[PDB]
Structure formats: structure tokens, C-alpha cells
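*Asks:* Mind having a look at this structure? Questions to follow.
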Amino acid sequence: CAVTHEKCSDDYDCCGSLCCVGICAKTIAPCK
């Protein structure tokens, strides 16, 4: 998975509970 601040292909491509918003970042809403 991609870590914080890395570009994301999709939400589940991001590590932790991060979501995809251009980059892997935690949004307000939990995508997972």
C-alpha cells in the first residue's frame, strides 16, 4: 500500500485508515 502523502490509485491502495484524495491522506469520512 501507499503511505501518507504518497499518491493513491484508490482508497484501499492506501495504508492504515488513510483514504485516497489525490494522495493517501485521512479524510473526514472513513472510506474503509
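Ligands are numbered from 1 in the order shown, chains are lettered A, B, ... in the order of the C-alpha cells, and residues start at 1 in each chain.
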Name the residues in contact with residue A:1 at a cut-off of 6 Å, using only C-alpha atoms, excluding same-chain residues fewer than 3 positions from it; report them as an MDAnalysis selection string.
*Replies:* chainID A and resid 13:15
*Asks:* Excluding same-chain residues fewer than 6 positions from residue A:12, what lies within 8 Å of it counting only C-alpha atoms, as JSON, numbers by chain?
*Replies:* {"A": [1, 19, 20, 32]}
*Asks:* Hey, can you spit out that residue selection with N, CA and C atoms as a PDB file, in the first residue's frame?
*Replies:*
ATOM      1  N   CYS A   1       0.830  -1.201   0.000  1.00  0.00           N
ATOM      2  CA  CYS A   1       0.000   0.000   0.000  1.00  0.00           C
ATOM      3  C   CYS A   1       0.871   1.261   0.000  1.00  0.00           C
ATOM      4  N   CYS A  19      -7.283   7.319   3.239  1.00  0.00           N
ATOM      5  CA  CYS A  19      -8.137   7.240   2.098  1.00  0.00           C
ATOM      6  C   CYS A  19      -7.460   7.924   0.930  1.00  0.00           C
ATOM      7  N   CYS A  20      -8.061   7.866  -0.215  1.00  0.00           N
ATOM      8  CA  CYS A  20      -7.470   8.425  -1.381  1.00  0.00           C
ATOM      9  C   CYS A  20      -8.103   9.750  -1.716  1.00  0.00           C
ATOM     10  N   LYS A  32     -12.908   3.212   4.495  1.00  0.00           N
ATOM     11  CA  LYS A  32     -12.807   1.825   4.826  1.00  0.00           C
ATOM     12  C   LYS A  32     -13.774   1.515   5.945  1.00  0.00           C
TER      13      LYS A  32
END
*Asks:* Please list as a PyMOL selection string every residue within 9 Å of residue A:23, counting only C-alpha atoms and excluding residues in the same chain fewer than 5 positions away.
*Replies:* chain A and resi 2-9+14
*Asks:* How about saving the chosen residues, N, CA and C atoms kept, as a PDB file, in the first residue's frame?
*Replies:*
ATOM      1  N   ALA A   2       0.278   2.386  -0.341  1.00  0.00           N
ATOM      2  CA  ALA A   2       0.959   3.655  -0.325  1.00  0.00           C
ATOM      3  C   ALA A   2       0.791   4.299   1.034  1.00  0.00           C
ATOM      4  N   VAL A   3       1.815   4.963   1.490  1.00  0.00           N
ATOM      5  CA  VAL A   3       1.789   5.579   2.802  1.00  0.00           C
ATOM      6  C   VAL A   3       1.265   7.006   2.720  1.00  0.00           C
ATOM      7  N   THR A   4       1.251   7.678   3.848  1.00  0.00           N
ATOM      8  CA  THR A   4       0.793   9.035   3.952  1.00  0.00           C
ATOM      9  C   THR A   4       1.559   9.947   2.982  1.00  0.00           C
ATOM     10  N   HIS A   5       0.803  10.723   2.217  1.00  0.00           N
ATOM     11  CA  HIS A   5       1.318  11.714   1.261  1.00  0.00           C
ATOM     12  C   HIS A   5       1.784  11.118  -0.063  1.00  0.00           C
ATOM     13  N   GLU A   6       1.762   9.807  -0.188  1.00  0.00           N
ATOM     14  CA  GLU A   6       2.057   9.198  -1.469  1.00  0.00           C
ATOM     15  C   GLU A   6       0.814   9.240  -2.311  1.00  0.00           C
ATOM     16  N   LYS A   7       0.966   9.207  -3.615  1.00  0.00           N
ATOM     17  CA  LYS A   7      -0.184   9.196  -4.488  1.00  0.00           C
ATOM     18  C   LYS A   7      -0.930   7.899  -4.359  1.00  0.00           C
ATOM     19  N   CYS A   8      -2.202   7.967  -4.512  1.00  0.00           N
ATOM     20  CA  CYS A   8      -3.027   6.818  -4.348  1.00  0.00           C
ATOM     21  C   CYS A   8      -3.717   6.473  -5.634  1.00  0.00           C
ATOM     22  N   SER A   9      -3.803   5.205  -5.899  1.00  0.00           N
ATOM     23  CA  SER A   9      -4.519   4.725  -7.026  1.00  0.00           C
ATOM     24  C   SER A   9      -6.006   4.660  -6.663  1.00  0.00           C
ATOM     25  N   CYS A  14      -4.191   2.732  -0.075  1.00  0.00           N
ATOM     26  CA  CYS A  14      -3.519   3.459   0.981  1.00  0.00           C
ATOM     27  C   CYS A  14      -3.410   2.627   2.254  1.00  0.00           C
TER      28      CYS A  14
END
*Asks:* As a count of residues only, please: all residues of chain A that backbone DSSP puts in strand (DSSP E).
*Replies:* 6
*Asks:* As a PyMOL selection string, please: the residues near residue A:18 (cut-off 8 Å, only C-alpha atoms, same-chain neighbours under 4 positions excluded).
*Replies:* chain A and resi 4+11+14+24-27+31
*Asks:* Those residues with C-alpha atoms, as a PDB file, in the first residue's frame please?
*Replies:*
ATOM      1  CA  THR A   4       0.793   9.035   3.952  1.00  0.00           C
ATOM      2  CA  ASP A  11      -8.690   4.278  -1.194  1.00  0.00           C
ATOM      3  CA  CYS A  14      -3.519   3.459   0.981  1.00  0.00           C
ATOM      4  CA  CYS A  24      -3.071   8.933   0.700  1.00  0.00           C
ATOM      5  CA  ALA A  25      -4.471  11.016   3.435  1.00  0.00           C
ATOM      6  CA  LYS A  26      -7.043  10.533   6.055  1.00  0.00           C
ATOM      7  CA  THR A  27     -10.269  12.184   5.127  1.00  0.00           C
ATOM      8  CA  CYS A  31     -13.619   5.157   3.278  1.00  0.00           C
TER       9      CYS A  31
END
